[PDB]
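K.L.:
Heads up: the sequence shown at position 88 corresponds to 88 in the authors' numbering, and the numbers run straight through without jumps.
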Amino acid sequence: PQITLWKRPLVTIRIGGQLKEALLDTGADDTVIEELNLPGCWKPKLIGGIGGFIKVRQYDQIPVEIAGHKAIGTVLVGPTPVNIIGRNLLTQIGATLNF
Ligand SMILES: CCCC[C@@H](CN[C@@H](CCCC)C(=O)N[C@@H](CCC(N)=O)C(=O)N[C@@H](CCCNC(N)=[NH2+])C(N)=O)NC(=O)[C@@H](NC(=O)[C@@H](NC(C)=O)[C@@H](C)O)[C@@H](C)CC
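1) With distances taken Cα to Cα, identify the nearest neighbour of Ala95 among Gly17, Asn83, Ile15 and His69.
2) If we count the other Cβ atoms within 10 Å of its Cβ and call it buried at 16 or more, is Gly27 buried or exposed?
3) Going by C-alpha to C-alpha distance, which of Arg8, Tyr59, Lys43 and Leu19 sits closest to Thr31?
4) Identify every residue that forms a DSSP beta bridge with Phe53.
5) Can you give me the Cβ contacts of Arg14 inside the same chain, cut-off strictly under 6 Å, excluding the 5 residues immediately before and after it?
6) DSSP state of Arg8, grouped into three classes?
Here you go:
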């Protein structure tokens, strides 16, 4: 699709069999989702944002369906204020910015 930016670019994703809402975030290197269980092994990581750093769980090679487009890649899980789809998965679905 073509998504304009008058409103937050929120979309439905499927991850681990569950439906969630997430923000398409060109300013995020990585995909960060609120605390939940995912299958498999994770390792501890820290990530930064506007306000500082938080601790997250890094899961690799997780399938995510993003507005009906498939991706498989890293998902970080932790106390993010908003679920965000970052460039690691936006590139997989062919997302670009256009103006
Ligand atoms: C979680 C809240 C929504 C997404 C977030 C994405 N902003 C980018 C900004 C770039 C850094 C300052 C971000 O956090 N990116 C992180 C996301 C985490 C991630 N791992 O991908 C990032 O790329 N982090 C990199 C580091 C890049 C930082 N800069 C740098 N390396 N020079 C990293 N790998 O840790 N937006 C925001 O932080 C903005 N917040 C908002 O829009 C709203 N606030 C809330 C709480 O939703 C609004 C109500 O204010 C800020 C800028 C104020 C207008």
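C-beta: ideal position from N, C-alpha, C; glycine also.
P.N.:
Working from what's here:
1) Ranking the options by Cα distance to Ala95, first place goes to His69.
2) Exposed, since its Cβ has fewer than 16 Cβ neighbours within 10 Å.
3) Cα-wise, what sits closest to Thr31 is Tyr59.
4) DSSP lists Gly48 as partners of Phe53.
5) Non-local beta-carbon contacts of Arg14 in its own chain, meaning distances under 6 Å to residues more than five positions away in sequence, involve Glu65 in chain order.
6) In this structure, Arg8 counts as coil in the three-state DSSP scheme.
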